[PDB]
Ligand SMILES: [Fe+3]
Ligand SMILES: [Fe+3]
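Residue numbers (full-length UniProt numbering), protein chains in the order written: chain A, 16 to 526; chain B, 16 to 88; chain C, 4 to 136; chain D, 4 to 395; chain E, 9 to 395; chain F, 4 to 169.
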């Protein structure tokens, strides 16, 4: 026998993977769908279990090595501005729940596949999204270990249900990826959610965190982004497989438009608010980043070059562009108006931030700075004044509504973005909608959207009762987790909120 | 037969390390020396060729990862 | 020149950005044939960028633009960008396959595939206009 | 230079560092520095596995063990919820009580898999270098291995593919990990069988590594016929995830796969002078034991011993167990006819050896699973029912 | 507490002011002057080569002058009188596997963890019920236990080599080989201890293996050979050639591979092959480095070819006679096992001996001019076989 | 009002649930409860924030009542109203196929989900039928999505506009 040292590379094993599947009568998908995937489809990246495990092991080693050796010795925990820590408190948890739901969407995509290579690629994604969830949890754990404000970092999974933004996040990530057609979930998670929004999210978070003195997020977030490269390859691969079928040409454009609008309606207002209003040193205005990463990169390379098949620019691009410039501010107003219901500390803009906002966004001053200065003059920060902006908004005639479809707070009087308030009555129930696309979605399929908004659940209940029931207090049992300032003194208590005497009024009853 | 998950700890292997040596006529040192060492001397920090490898691998991974990723960025 | 990070509208601020952003002709997606590659900043990536991308790739593709960000490299180019893992293995003096290179790679806006020991990225549509091998 | 202004990091820039140091308070605002201190620990003290895994899935209150409130924001067409109690028959007070005895999350898992992969590569290189393939039985190599060890990978692939529904419809976070890991183990076993066949082909000239003959044997030969049917009944027959996990990992696998991998290939490989198959059967056995621990913890402890839903779950468990045990016996009876294609060896190939192996397998299954849920089984009846298909 | 110079504002400002803007030298390759064996310089050569300070009067030196402190009587710390072989450059040896500390410890840790997991799974499944009674009771308990003393002696043989070597990669190769040998011995005991733990009535004590090693005739001759290498000689080149190239590659290969592994498989053992695979891998890894050192560097020297070849041939013939005597003494164990056609009869033993001797002839002997006929040796060994 | 997790509405309903002792009575109770309070076409909205918990309790009680007065064959291949599971699926599939408008198919799907949902019907039979109905429903609703004007769509749905911002 020839005696020479030889081995087997993963390429030879992967070459024989296509013939692992045999066909029988009951070989069909287990979920409702409208398309039919192609029998044979190639895979851009050739990976097996061994190779995937080796790559993931390598990455995990350096990351956990640097995080637990270098920054720990350098004392990087207490070298972060408090505002960025408060922002991370929300960002890490939200990203974790998004990754966790991405786990389930990929399995449904794995189930819906028909070729062995596709199942392998989907199986890889399932394993990665699990890794990403654990990494976000580790970021939260490390911040809880070394930061100077542990509260809100160690029990985020329990106190995050009080806030209003939670409902919106659950719609775009908790329910937007595991509901509807198997393909609907593909386009909603890979072609749009991962290739159009997470790219700017991860790169901008790493840029702003570095600018603000943070070093854990640059270390871990950039790792998470590496796996995504393949994820987009899987998304492209399924798009072509369902293509060239008679059904695709009748539903793909509608599916893409709905997914793009659903996703943008939440990230555009949220990310801009969390970036501009939650940092001390600012890199660049959010609208410029949105134009750089969404309108010119995704649209010019992904949607633009897909002219080959029947894909056209979404019909709702004009409304998205209009909302890019003012929505972050509109949402920030409402977020400041309801500070006690959150789980992070907030700070009002100061003179330098006001000057920056006026320079970058003309007309910001006369509309928002006057409101902010009034709020500051009426004791927004001191516990004694007993002032809550919600009562001021209610007494001054403005109202806060929640869209039934998108679940995003909306103030019609103080809004400069697109959309308008519509109230409908159906089966003795009143619904509020804020845009045309959401109204069409609700009118077409009214059985999918039946969630309870914030005000119905807490109707006729005083604020201190709600906060205490939701475990939104510190270790001493009487200090709130959320504060209206980032200073270390003069913290609000439950008695201050009790003296404020707020009560939810059910705004829809006036019609 | 007893079916329970058990393993062999390195202590058990190190316990029998004393008997691995056998004597003969020429079992002596090779270099010039003025002293003779005892034949029944115990040693602290009992280790074998596996614990040492594990510990060294852990330390090397920790320091090489930090050095090649954190300080470099 | 046109592949810079701040090109065209980005070079405009204040009212100029406001008026050109809401322009009639800018409300429709325009097709582009560029590729964007974000690379994580580490000991190997520095070597590859300094010795290969800025030396050979620039010679083959004169339109490659490299931007140094806070913690990553942002490379925008026309056509395609190809990297060979064998050259990196020879350069670094240690064993290095395409998988080890994929470890560091952070993000891509285009179609990327690995063939043999070569990792490449291109704007060309694969499957639709070219059969993968 | 570059068009974009270079960003100055706040950790090293003097002015930014001074401002940040001025802003940071001099004392901590809280004393609790434990991540998720409210999680009930299974063992003495909270572990990193429990902290990172538990309570990840946001579940409403009407689902047992939930914390959030309200309905789901978006649902399927017609109103089917994204997750609900209608996806399974078994009931429980809390869905967050399951803990993996191995305490496995992503990093140790991938580390162990990488270790095994690199060791396998080194062993293959050394074995090729030393040329130990010469001392092998020719008939066993070219007539049994290439024809049936390459057909077992289709069973492995079917069992792997059965896990997608469990991965999507599962209602807790800890269980979603165990199922994914189990599925990855199965597909890894299939890929080894293929890699071993390719490696053998690369050494001995005239050896064919194609999968045409194994596929034809799997889909046409009577020996595997019955077994094939069982796999289909698990792959697409059912949609309840609890039933899928119980039928594919506690009844069908623990008998048929154990007998096929351990009692036939692993033993006769040694008997006929083969030194390569045991190296892979060892990995298969290790993966099976690791999966078995988690499956036993999930079913025997959390579900079958529920304080209030004990008998209700036990009834369904017995109902599934009898049916799938009947299917597994029929598969074993169909498979045991392979013994006529090998040379007779006293005590390993005759009727007594087969009877002893069947008794060992069935006794192990009775001890491990049947006695825990109250099932009644008599080994002699199953043994001679299987041996009824054995030809003398 | 302590003010670090990387984060303190004033210290960072001072350091930034002091540091110049442009680099002063354009050569950033560590140890660029080392001649590369392969196409490009690697980290192994960069970190390993030229680490030992050697004067010019030692071949391939860089320093100058005598050693500062010598042994009483003027014996030099490292001299040319410690070996018979001569060369024009002692810094030419390179490990084919390119092994330095980190990859080596990583591989060993990987193997240890996998062994622990496999042992746990095997104990859980209780697969020991299929083992043969006779094979487990007598052969494994006694002779497998006795083999570890041979392993330990071969391991101890490397002590003088580390202190006398005149290079810096040869030292690493010798240390790694010794560690592999001691690892093999520790496993033979770990396996014995595990078997004792599982099956009641099985003794893990080393008294019987020691008795058999020191008194039983079967190993008797073999034991003598080990002593001849442990304390008989002091030349490190001769020690490495006798221990690895001649004695081990024949006797240890036949014992571990042709007897224990093959018969263990034949008699339905599923534990021993797992432990012998690691020993085989270690032997192959050591053999690669030994062959590289002795064939490419010394036997093919452009100035001292025949000089080295003469000593190599003399040592080869002497230790081959010793190894043949050891094998002839050992081949008498076949009378204690049940007869199996093609494995225990005369034909099987003859085929195994021919295979082993042909493999040696191809791998080591033909590279240094040695002349050997396998049929004669096979007949000489089989003359001590009880038909 | 009352706390989210502990309200009298729940105590009362649980107390009245606890007195059930037969399969048919429990089936009638659960069907009436599902028809009354568990659809967008529900009769009353007063029990909006507590109906899912009560439905869970009813399901648990009915499941406990089962597996005590029914055989294994009844538990597997027979619905709880005494009818074979397979026929029901075929009949409802035919009814959905006969539908001609997108406003009747949704009504049929909603009625089927309200009537035959576990533990009334076996899980596998339900899931298969649900997927089969959903396929047809999706296919019907996703044709000419943007063709109808908004005012015509409002008229077709039947809602009445209360406030409409300019
Ligand atoms: Fe992800
Ligand atoms: Fe992803």
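Backbone N, C-alpha and C fix where the C-beta goes; we use that ideal spot for every residue, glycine too.
Asked                                                                                                                          : Found
Cβ contact check for the segment 296–314 of chain A and the segment 66–75 of chain B: 3 or more pairs under 8 Å                : no
Boundaries (first-last residue) of the alpha helix (DSSP H) holding residue 8 of chain F                                       : Per DSSP, residue 8 of chain F belongs to no alpha helix (DSSP H) and is neither H nor E.
Endpoints, beta strand (DSSP E) assigned at residue 124 of chain C                                                             : 121–125
Residues sharing a beta bridge with residue 477 of chain A, DSSP                                                               : A/518
Residue 334 of chain A Cβ short of 7 Å to ligand 2 heavy atom set                                                              : no
CB contact flag (residue 38 of chain C, residue 10 of chain C, <8 Å)                                                           : no
Close Cβ partners of residue 168 of chain D (< 8 Å) along its chain, the five nearest in sequence each way excluded            : 242, 244, 247
Check: residue 246 of chain A C-beta below 7 Å from any heavy atom of ligand 2                                                 : yes
Where the alpha helix (DSSP H) through residue 117 of chain C begins and ends                                                  : From DSSP, residue 117 of chain C is part of no alpha helix (DSSP H) but of the beta strand (DSSP E) over 114–118.
Selection from A/129, A/311, A/231, A/98 that minimises the alpha carbon distance to residue 499 of chain A                    : A/98
Under 8 Å by beta carbon: chain C residues contacting residue 10 of chain D                                                    : 72, 73
Near ligand 2: residue 240 of chain A beta-carbon under 7 Å from a heavy atom                                                  : no
Touching by the beta-carbon criterion (3+ pairs, under 8 Å), the segment 453–469 of chain A and the segment 138–158 of chain F : yes
8 Å Cβ cutoff met for residue 227 of chain A and residue 296 of chain A                                                        : yes
Bridge-paired residues (DSSP) for residue 437 of chain A                                                                       : A/448, F/167
Per-residue DSSP class, three states only, for residue 87 of chain B                                                           : coil
Assigned exposure category for residue 40 of chain E - 16 Cβ within 10 Å defines buried                                        : exposed
Contact test: residue 71 of chain A Cβ vs ligand 1 heavy atom, cutoff 7 Å                                                      : no
Contacting positions in the segment 69–99 of chain A - beta carbon closer than 9 Å to chain B                                  : 76, 77, 78, 79, 80, 81, 82, 83, 84, 85, 86, 88, 89
Chain B contact residues for residue 157 of chain E, given Cβ-Cβ distances below 8 Å                                           : 35, 37
Strand pairing of residue 56 of chain C, partner residues [DSSP]                                                               : Bridge partners of residue 56 of chain C: none, in fact.
Whether residue 50 of chain A touches residue 202 of chain A by CB criterion (8 Å)                                             : no
Residue interval of the alpha helix (DSSP H) (run including residue 117 of chain D)                                            : 109–133
Neighbour list for residue 4 of chain C in chain G, Cβ cutoff strictly below 8 Å                                               : Structure shown: chain G not included; protein chains present are A, B, C, D, E and F.
Contact set between residue 141 of chain F and chain D, taken where Cβ atoms lie within less than 7 Å                          : 80
Uninterrupted alpha helix (DSSP H) stretches inside the segment 216–262 of chain A (no shorter than 4 residues)                : 231–257
Reference residue 176 of chain A; option with closest CA among A/485, A/504, A/493                                             : A/485
Beta-ladder partner(s) of residue 43 of chain C, from DSSP                                                                     : C/75
CB-CB length for residue 160 of chain A against residue 36 of chain D, believed under 8 Å                                      : 6 Å
Listed by chain order, chain D residues near residue 130 of chain F by CB distance under 7 Å                                   : 242
Same chain, Cβ closer than 6 Å to residue 195 of chain E, five either side skipped, listed in chain order                      : 283
Any non-hydrogen atom of ligand 1 closer than 7 Å to residue 147 of chain A Cβ                                                 : yes
Spatially closest choice to residue 271 of chain D from D/200, D/291, D/357, D/186, by CA coordinates                          : D/357
CB contact check: residue 225 of chain D to chain A, cutoff 8 Å                                                                : no
Three-pair Cβ contact test at 8 Å for the segment 155–171 of chain A versus the segment 208–224 of chain D                     : no
Touch test, the segment 251–268 of chain A against the segment 215–230 of chain A, Cβ-Cβ under 8 Å, three pairs minimum        : no
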